[PDB]
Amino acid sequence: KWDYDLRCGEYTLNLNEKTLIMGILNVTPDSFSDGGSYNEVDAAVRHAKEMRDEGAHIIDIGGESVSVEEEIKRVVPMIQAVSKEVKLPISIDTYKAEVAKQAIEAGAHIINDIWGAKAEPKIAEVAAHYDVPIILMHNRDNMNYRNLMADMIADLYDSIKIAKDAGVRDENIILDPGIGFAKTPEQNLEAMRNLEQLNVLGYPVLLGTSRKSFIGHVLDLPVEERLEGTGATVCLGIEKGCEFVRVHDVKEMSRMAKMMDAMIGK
């Protein structure tokens, strides 16, 4: 059903047997340091440890939510520690070219770019050079669509043409609808409801909805009260064919994914 595996250095991720879980590494910095101090790096390692024990297949590590050089000095020790101590592929959640490059150098395995190569096109180049999967998220500086889904597909397509023109092999491309970016609450709902359309593009799809505003908007609930909303988006996502979910609650979300997988026959 997917004629290839996701190549990630020492680890390989099958795309057919299960929905793969990307665990969001929570990266609480030291108000007292700029580097890789014991507390932040240790909390980070503990948290990746726990997400590994809970069912996570990938650990996702982000720098900013803010100069370039800071982002590295912050993010790089996190990667060296987690990669050394947790045997799962790490993805680096940055859009900056220099950041991606350091992170890979430091041991990151996948690039994760919330601007799908548009904020910093050199990033495709890095991806190309190190031969790593890169995630291209849908994003843009405006909410003005003539047709959300057709535009979303258009915009994503633009990211692929950037990735490809830079040397990126089809098999290293992953797409993501960027739910929660550049979309109104109702537009997010509509992307959800049409997610399967992304499949015509022929690439694996990652969905990132964990705890976002639009769940709050529907359910009327704070971020920490959004587990069941997230759950629904994960389920609907998997039914609609997505291959990855990006999630805070690895334990719960792993179980829902596993049950969906058995239902839909994945």
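Here the rigid core means the biggest group of C-alpha atoms that line up within 1.5 Å when the two forms are laid on top of each other. Residues carry their position along the shown sequence, with the first being 1.
Displacement analysis by core superposition in 8 other deposited structures of this protein ranks 56 to 64 above the other of 206 to 214 and 56 to 64 in root-mean-square C-alpha distance from the shown form. The segment moving more, judged by mean Cα distance from this form in 8 other deposited structures of this protein after a core overlay, is 66 to 74 among 237 to 245 and 66 to 74. Per the record, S31 and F32 are directly connected, as no deposited residue between them is missing from the model. Here 46 to 54 and 32 to 40 are compared by their mean Cα B-factor, and 32 to 40 comes out higher. Two stretches are in play, 21 to 29 and 241 to 249, and the higher mean C-alpha B-factor belongs to 21 to 29. Among all modelled residues in this chain, the alpha-carbon of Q80 has a temperature factor (C-alpha) in the lowest third. For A154, the recorded CA temperature factor ranks within the lowest third of the chain's modelled residues.
In this PDB entry, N139 carries a Cα temperature factor that places it within the middle third of its chain's modelled residues. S65: CA B factor in the highest third of modelled residues in this chain (values from the PDB entry). When the modelled residues of the chain are ordered by their C-alpha B factor, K122 lands in the middle third.
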